[PDB]
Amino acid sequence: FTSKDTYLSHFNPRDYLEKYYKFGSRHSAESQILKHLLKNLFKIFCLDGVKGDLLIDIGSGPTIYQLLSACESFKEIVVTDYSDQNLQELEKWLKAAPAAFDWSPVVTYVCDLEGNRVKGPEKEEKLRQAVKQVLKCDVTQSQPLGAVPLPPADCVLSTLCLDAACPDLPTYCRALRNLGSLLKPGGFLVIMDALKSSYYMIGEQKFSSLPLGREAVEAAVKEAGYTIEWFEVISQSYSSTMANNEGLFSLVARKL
């Protein structure tokens, strides 16, 4: 199983962004999943009462799409990944560097969903002001953020991170409990991940994935001390050359 250090030395942020998040008009599997991720988040953060002062995004990678709806609903976002190369790609964008990945076709899509109340430039600006800290995280540690002191969070969001970081169910469950330690009682956990997936590809590089179904996922969440508010399974897969998943899931849970 892909160890922590394989992420340090072989996860190329740029390549990853190119292969999954380019969001072209050709209706490929990777674009379809992205559309569904965005609609989920929109529905979670805008249409439901999922709001508060602080959101901690766990395993952001070099991607910022997952925070476009969330910035409307949280005054402060803290982003975290285990890999500095990913935090640097993400900082390129937060500092609006001309060499940052083009997110604009994704930014326009999220503006659409919310009835174009805001223009692109203002959607982007709002997110940049929401992101207060960019931190090293490690879901396997019982203090995932290590030394860094944060107040209790209103929400923890993790997208396609947990299947990647955890080699087994004990580890997956402990991670969820580890993540729980950053949460207010009654606070929100939001996860979306691949179903029954044992690998994903970035260019030439293969990356291990923990293949779990809806039953294991849900049981691991409940066991970790969460109460499941809702849970959704979708059939849509990645391209067969890219991952071997049967689908994806979303859940919103509350801490006890």
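Sequential numbering from 1, following the sequence displayed.
Gaps at residue 247 occur in none of the other compared entries of the protein that contain both adjacent residues, all of which model it rather than a third dropping it. Coordinates for residue 23 are absent from at least a third of the other compared entries of this protein that model residues on both sides of it. Stretch comparison (114-122 versus 74-82) by mean CA B-factor in the PDB entry places 114-122 on top. Per the PDB record, of the two stretches 49-57 and 31-39, 49-57 carries the greater mean B-factor over its C-alpha atoms. Sort the chain's modelled residues by C-alpha temperature factor and residue 10 lands in the highest third, per the entry. Residue 215: CA B factor in the highest third of modelled residues in this chain (values from the PDB entry).
In the PDB entry, residue 158 places in the lowest third of its chain by CA B-factor. For residue 164, the recorded CA B-factor ranks within the middle third of the chain. Only modelled residues enter the ranking.
Among the modelled residues of its chain, residue 87 has a C-alpha B-factor that falls in the middle third according to the deposited record.
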